[PDB]
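Down below is the structure, laid out as structure tokens.
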Amino acid sequence: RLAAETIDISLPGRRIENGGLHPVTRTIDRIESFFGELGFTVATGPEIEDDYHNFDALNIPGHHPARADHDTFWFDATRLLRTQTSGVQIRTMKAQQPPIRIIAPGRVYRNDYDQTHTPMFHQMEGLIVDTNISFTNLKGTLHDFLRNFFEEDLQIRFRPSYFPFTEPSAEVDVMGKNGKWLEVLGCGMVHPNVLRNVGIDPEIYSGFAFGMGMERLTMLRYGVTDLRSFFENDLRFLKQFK
Amino acid sequence: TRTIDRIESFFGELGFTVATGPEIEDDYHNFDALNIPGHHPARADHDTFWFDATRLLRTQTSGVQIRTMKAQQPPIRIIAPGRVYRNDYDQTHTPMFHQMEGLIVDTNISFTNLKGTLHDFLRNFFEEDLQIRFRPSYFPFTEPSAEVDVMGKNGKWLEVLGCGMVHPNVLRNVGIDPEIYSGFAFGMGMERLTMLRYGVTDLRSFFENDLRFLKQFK
Amino acid sequence: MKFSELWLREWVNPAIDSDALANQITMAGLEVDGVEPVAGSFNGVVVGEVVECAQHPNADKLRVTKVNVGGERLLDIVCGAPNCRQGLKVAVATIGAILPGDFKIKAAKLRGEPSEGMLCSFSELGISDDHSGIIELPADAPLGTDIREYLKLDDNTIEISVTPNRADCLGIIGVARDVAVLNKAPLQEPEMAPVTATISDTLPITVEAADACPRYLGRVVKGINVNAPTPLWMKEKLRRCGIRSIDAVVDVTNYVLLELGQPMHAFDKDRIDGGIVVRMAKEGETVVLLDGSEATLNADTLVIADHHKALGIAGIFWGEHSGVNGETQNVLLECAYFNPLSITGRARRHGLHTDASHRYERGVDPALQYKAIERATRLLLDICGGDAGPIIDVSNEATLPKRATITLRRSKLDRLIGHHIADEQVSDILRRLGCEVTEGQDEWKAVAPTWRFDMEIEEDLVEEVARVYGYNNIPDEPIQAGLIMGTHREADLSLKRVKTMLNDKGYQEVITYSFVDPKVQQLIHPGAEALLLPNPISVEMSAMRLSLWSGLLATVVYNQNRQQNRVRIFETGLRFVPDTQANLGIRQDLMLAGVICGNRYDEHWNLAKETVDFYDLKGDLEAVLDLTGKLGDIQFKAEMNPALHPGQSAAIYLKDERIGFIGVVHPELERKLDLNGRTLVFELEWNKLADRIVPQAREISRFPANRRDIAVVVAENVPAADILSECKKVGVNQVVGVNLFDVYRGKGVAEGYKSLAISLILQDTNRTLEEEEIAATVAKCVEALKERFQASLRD
């Protein structure tokens with residue numbers, strides 16, 4: 086029986102072919118772990134919002150030219166799909182107080198369709214509020230996150246920009262190799278009028294915030310160049326990310 | 110395993126990263142580096158498993174942090190899970206039980222910042238049902254020492270873990286200056302913690318590995 | 001250690017409670033191991049006296065006479081004790097009493113006149129350890145009152161367990177010099193009077209070891225009586241602490257040891273003959289021991305000697321016939337100190353442990369002799385006859401343990417505690433501890449006391465300040481850190497990910513013993529020798545691992561013998577292989593292992609009953625290894641191992657390295673251990689598969705593909721090595737994918753030959769594939785297949 090009942094040895098064994106995640110899902114969870122080992126805990130919320138959550142709380146305030154350039158999806162007059170994931174942190178800053186931070190992943194919507202802009206793309210808005218942090222402690226964390234998401238291949242340059250809910254502002258804009266510089270993320274310290282209509286005193290407190298695009302980060306990381314291919318969901322494209 | 114991973118996540122969200130190493134060790138890793146130093150009565154009361162004269166199974170998981178403190182520049186902090194061995198067999202002591210030795214080294218931390226972290230870990234591993242009392246003890250590798258000793262309900266107090274600040278002679282034979290630096294350490298027993306948490310009372314039943322006992326922890 | 005309550009309360013009297021004293025003793029440094037009772041729970045046992053004894057009328061048990069408690073009436077109370085002579089005041093049970101042990105005394109008939117409350121001995125009252133009979137209580141005592149208040153039964157015996165940091169508090173004075181400071185009650189030391197020597201000279205002594213015995217004393221007491229009774233008032237103190245009597249003098253010199261921490265017993269004087277000289281012994285010196293063994297020393301053991309053969313080991317073992325017999329007339333005492341660095345390992349070197357060696361190794365109060373020897377000789381000449389001569393001094397003034405100048409600064413105290421304790425309180429904490437305090441500006445200079453052998457550095461002042469300030473009188477604060485992110489890596493794995501996958505596939509995780517049996521350890525790996533183990537626990541666990549297949553095949557036959565089948569387990573640990581070019585002599589790898597056995601599908605309503613095999617193990621393993629890792633190149637070949645079958649086993653490679661071993665164990669291995677049913681095992685070397693690859697995108701086409709069927713006829717020799725693998729390497733733009741769905745060894749094929757159905761899905765990366773270019777790439781693979789002595793079939 087011993088030298089007779091032998092089998093074939095290298096035939097493929099029986100199993101079910103396991104399948105992998107989505108690339109923006111993997112990048113969201115990777116940056117979630119990267120910030121979870123600093124103590125940031127996530128926060129979530131709804132995708133539909135009135136004006137007092139999305140525009141009039143971030144000190145826009147309504148006659149500003151930020152209500153057509155955001156390319157919003159309106160419903161009647163006090164309903165819109167969420168244009169930037171910040172109501173999830175305003176509804177957290179309002180309730181409790183005042184020395185803890187949070188991050189938030191989620192879906193935003195912008196009325197733009199081309200071969201370079203899907204109408205939906207995931208954003209990741211951080212938030213941190215505690216005593217005596219500044220722009221030095223913004224560069225020293227975003228530089229660290231870029232050096233850890235990449236593997237120290239690329240160079241950064243902090244340049245100025247303008248977002249209405251954070252002033253003084255910035256932009257981080259890592260070094261590519263095909264062109265000159267690709268703009269990756271933007272940041273800035275929280276405006277005091279954002280703090281004052283929430284319940285935090287801006288005379289003693291401070292903080293910053295940052296918002297990055299997950300699909301441009303994932304495209305630049307894993308080499309993909311066609312942004313519309315992320316959401317047509319072909320298995321022959323999605324199987325290599327496993 | 111579940112308790113080791115739960116406390117690993119509890120300390121990983123403070124920034125502590127784990128560290129591992131071997132289970133066999135010479136004397137310079139296990140006894141003569143923690144400032145015992147060899148004529149002390151800590152070489153028979155540990156109930157060690159010897160091999161010849163400079164080999165022993167690891168009696169406390171601290172060589173994994175000495176071999177980290179020696180190599181790289183401060184200030185970094187680590188924890189370490191692993192297996193220890195003690196020559197004691199009864200219906201209350203297996204010869205192997207998992208220990209978890211923390212370590213933290215940076216400028217200007219003290220006993221206040223030891224109570225304010227171990228109280229927090231006990232309040233999070235339990236669900237604020239129990240009371241603590243810091244009492245003094247003596248471990249040779251940490252002075253000034255302590256013991257934390259949470260409140261039971263069947264008896265009076267069950268001793269859960271012990272801690273203390275790192276002795277400066279432990280720092281000085283590694284490469285850190287104890288005139289400017291400081292730190293503390295803590296070592297807890299995982300099987301007594303798991304027994305007190307999930308209600309099990311027979312310590313020898315953990316390592317006979319019956320499926321009818323192990324299936325309820327799923 | 002164990003000691004009693006009221007003896008401690010002779011020194012300090014904290015009006016707290018009978019049990020909240022034992023909660024404040026464990027806030028000072030002494031872990032108490034329970035508070036045990038001393039007696040039973042009765043309600044009064046009154047003591048009386050007996051008069052004019054008599055003999056039994058008809059039975060064989062005497063004591064038919066009366067008692068006299070002290071009541072105005074006289075009641076006849078009898079007994080049957082073996083020692084109830086006339087004039088022996090004993091406690092006795094009465095009608096207002098209950099005897100513990102659920103035997104309440106009654107008035108039945110026992111061989112004569114009935115008894116109405118019997119005599120209480122030791123074990124007949126609630127306490128243990130009878131000696132002969134009834135209580136031989138001393139006279140000159142008032143009657144009518146209770147033994148529970150008179151013999152002090154309202155205390156307890158606490159069992160404290162001192163740590164080697166504290167050498168002082170192994171006695172009553174050492175514990176009550178600490179409770180007095182931790183509660184700030186004053187401590188009343190019992191005043192100890194001198195001895196006023198009355199008689200002639202003494203055998204002179206001289207120490208010629210000036211570095212290992214800084215002091216030594218003694219005294220003659222001439223005219224003692226060793227047949228004197230032990231006093232009960234000291235016997236009851238020695239009783240609760242677990243100390244049994246010998247005659248009188250060992251009791252007296254155990255009492256002073258327990259009370260002051262100072263070790264001393266006894267010398268006989270007439271069996272000396274030449275003086276006492278204290279020195280090290282020559283190489284090969286041999287003395288006697290009590291147990292019947294005759295042991296020696298090397299060169300290092302200090303021995304108490306003379307100008308003849310020596311007679312006593314240094315504070316560890318005194319001597320049998322050099323001690324006091326029942327006719328010893330004169331006695332000498334040994335109040336000695338020893339350097340604790342000089343007397344360390346001589347107890348456990350010769351298999352010895354004695355309460356004086358337990359104290360001389362840690363340390364002993366060096367300013368104590370002129371009180372200890374005088375308390376001892378007071379309790380000696382107060383209970384026996386005789387009188388004492390002068391003291392005997394030998395001492396070296398420069399080799400004493402000296403105390404440093406432990407300077408403390410405000411910065412170290414603040415940076416180590418965290419709190420702000422006022423200088424007005426710290427300069428009182430050290431004075432109440434008992435040091436000499438010279439406080440300056442922003443600083444402290446304090447020298448050590450004599451009795452404590454653990455204060456030489458600044459942490460040994462900060463710890464003793466905070467210990468008496470209280471640990472839970474300091475508030476809390478979370479730490480202040482800097483949020484450095486710390487490095488990571490994407491192209492590697494974690495252990496918990498693969499473990500969570502094993503739980504998804506249906507596997508329990510166990511943890512076994514990391515040192516196993518050398519009997520059924522060599523039956524798995526012969527040839528490779530083991531790492532044996534001196535001083536084991538038993539013969540059953542006296543060998544390190546050489547793989548993980550010992551504890552696992554112990555766990556399987558544990559579970560299968562408890563009427564419980566189909567156990568799937570795995571366990572991750574690290575093994576120990578002997579080598580020579582390794583770090584400490586053995587190289588260690590982290591290993592991931594496992595065991596599958598039993599039924600496959602667990603008796604389901606359409607899934608049939610088929611026990612598991614190697615293809616199931618390899619399929620459930622390829623998902624573990626080669627999905628979360630490479631699957632780039634992984635070859636299965638046949639490499640033998642003397643623990644498993646030759647055919648149904650493999651050797652996983654992953655680019656030219658032996659990385660694993662899979663397959664069912666040997667079918668005659670299961671004749672031992674009795675592992676009912678066919679099992680399977682799979683070991684893996686961990687940190688070579690601990691790096692995954694980070695994926696990269698590529699351009700994807702759109703056009704469909706077609707399914708071509710090929711059935712290559714091969715003899716039954718090559719399994720899949722040159723069938724499913726060489727098809728892919730021929731053409732790098734046409735062939736993707738290769739399957740198999742049906743073997744062919746029925747009746748149509750020739751015997752000894754087989755046909756493997758090899759389906760393909762042919763496609764092109766930039767265009768589609770039509771019927772012309774398919775005939776090139778199917779024929780080119782067959783042109784590359786004729787180097788394996790076969791080709792395609794004709795059907």
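Chains as they are written, first to last, in the deposited numbering: chain C, 86 to 327; chain A, 110 to 327; chain B, 1 to 795. Ideal placement from N, C-alpha and C gives every residue a C-beta, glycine not left out.
- [ ] Check whether the Cβ of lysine 618 of chain B lies closer than 7 Å to any Cβ atom in chain C.
- [x] yes
Task: Stretch-stretch touch, CB-based, cutoff 8 Å, three pairs: the region 248-264 of chain C with the region 219-234 of chain C - done: yes
TODO: Using a Cβ cut-off of 8 Å, pull out every chain A residue sitting near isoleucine 586 of chain B, in sequence order please.
DONE: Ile133
TODO: Taking all protein chains shown into account, decide if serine 411 of chain B is buried (16 or more other Cβ within 10 angstroms of its Cβ) or exposed.
DONE: exposed
Task: Length at least 4, wholly inside the region 121-168 of chain A: the alpha helix (DSSP H) runs in chain order - done: 136-139
Open item on the list: So with CB distances below 8 Å, who are the chain F contacts of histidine 604 of chain B?
Closed with: Chain labels in this structure do not include chain F; the protein chains are C, A and B.
Open item on the list: Just to confirm my understanding: we take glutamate 31 of chain B, look at its own chain, exclude 5 residues before and 5 after, and list those with CB closer than 8 Å. What are they?
Closed with: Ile160, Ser161, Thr163
TODO: Determine the DSSP secondary structure at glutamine 588 of chain B, reduced to helix, strand or coil.
DONE: coil
Task: Near-chain B residues of the region 179-208 of chain C - C-beta to any C-beta below 8 Å - done: none
Task: Contacts that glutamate 122 of chain C makes with chain A (C-beta to C-beta distance below 7 Å) - done: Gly121, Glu122, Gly124
Open item on the list: Using CA atoms only, rank isn't needed, just tell me which of A:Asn282, A:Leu312, A:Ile187, A:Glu122 is closest to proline 146 of chain A.
Closed with: A:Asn282
- [ ] Mind listing the chain C neighbours of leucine 483 of chain B? Cutoff is C-beta to C-beta under 8 Å, in chain order.
- [x] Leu123, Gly124, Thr226
Open item on the list: Considering just the uninterrupted stretch of the alpha helix (DSSP H) at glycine 660 of chain B, what are its terminal residues?
Closed with: Segment 660-665 is the beta strand (DSSP E) holding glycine 660 of chain B; no alpha helix (DSSP H) there.
Task: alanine 376 of chain B versus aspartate 387 of chain B: straight-line alpha-carbon distance, rounded - done: 13 Å
Task: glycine 737 of chain B classed as buried or exposed, judged by whether at least 16 other C-beta atoms fall within 10 angstroms - done: exposed
Task: Rounded Cβ spacing between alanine 715 of chain B and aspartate 795 of chain B (contact assumed at less than 8 Å) - done: Not quite, the Cβ-Cβ distance comes to about 17 Å (not below 8 Å), so this is no contact.
Open item on the list: What does DSSP give as the partner residue(s) for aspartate 387 of chain B in the beta ladder?
Closed with: B:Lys222
Task: Burial state of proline 478 of chain B, where buried means 16 or more other Cβ atoms lie within 10 Å - done: exposed
Open item on the list: In whole angstroms, give me the CA-to-CA distance for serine 542 of chain B and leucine 258 of chain B.
Closed with: 42 Å
TODO: Determine, using beta-carbon pairs with one atom in the region 95-110 of chain C and one in the region 729-736 of chain B, whether at least three such pairs fall under 8 Å.
DONE: no
- [ ] Would you check if the distance between the CB atom of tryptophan 451 of chain B and the CB atom of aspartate 393 of chain B is smaller than 7 Å?
- [x] no
TODO: Could you tell me the distance, in whole angstroms, from the CA atom of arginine 115 of chain A to the CA atom of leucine 165 of chain A?
DONE: 30 Å
Open item on the list: If the criterion is Cβ atoms closer than 7 Å, does the pair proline 719 of chain B and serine 95 of chain C meet it?
Closed with: yes
TODO: Could you say if the region 65-76 of chain B and the region 41-53 of chain B meet the contact criterion of at least three C-beta pairs nearer than 8 Å?
DONE: yes
Open item on the list: Please state the DSSP three-state secondary structure of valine 738 of chain B.
Closed with: strand
Task: Proximal residues to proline 526 of chain B (C-beta, below 7 Å), its chain only, five neighbours per side dropped - done: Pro642
Open item on the list: Using beta carbons (cut-off 7 Å, strictly below), is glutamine 24 of chain B in contact with chain C?
Closed with: no
Task: Within chain C, partners of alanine 715 of chain B - CB distance below 7 Å - done: Within chain C, no residue comes near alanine 715 of chain B; the closest Cβ sits about 12 Å away, beyond 7 Å.
Task: Under 7 Å by beta carbon: chain C residues contacting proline 695 of chain B - done: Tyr307, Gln325, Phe326
Open item on the list: Less than 7 Å between the beta carbons of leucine 217 of chain B and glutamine 369 of chain B, yes or no?
Closed with: yes
Open item on the list: Closest to residue 329 of chain C by C-alpha separation, out of C:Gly172, C:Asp319, C:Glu300, would be which residue?
Closed with: With chain C running from 86 to 327 in the structure shown, residue 329 of chain C is simply not present.
TODO: Determine whether the Cβ of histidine 420 of chain B lies closer than 7 Å to any Cβ atom of chain C.
DONE: no
TODO: For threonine 303 of chain C, I'd like the list of residues in its chain whose CB is within less than 6 Å of its CB, leaving aside the five on either flank, ordered along the chain.
DONE: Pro108, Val109, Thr112
Open item on the list: Using a Cβ-Cβ distance cut-off of 7 Å, determine whether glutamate 159 of chain B contacts chain A.
Closed with: no
Open item on the list: Quick check on DSSP: helix, strand or coil for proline 277 of chain C?
Closed with: helix
Task: Alpha carbon of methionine 455 of chain B to alpha carbon of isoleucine 243 of chain B, nearest angstrom - done: 32 Å
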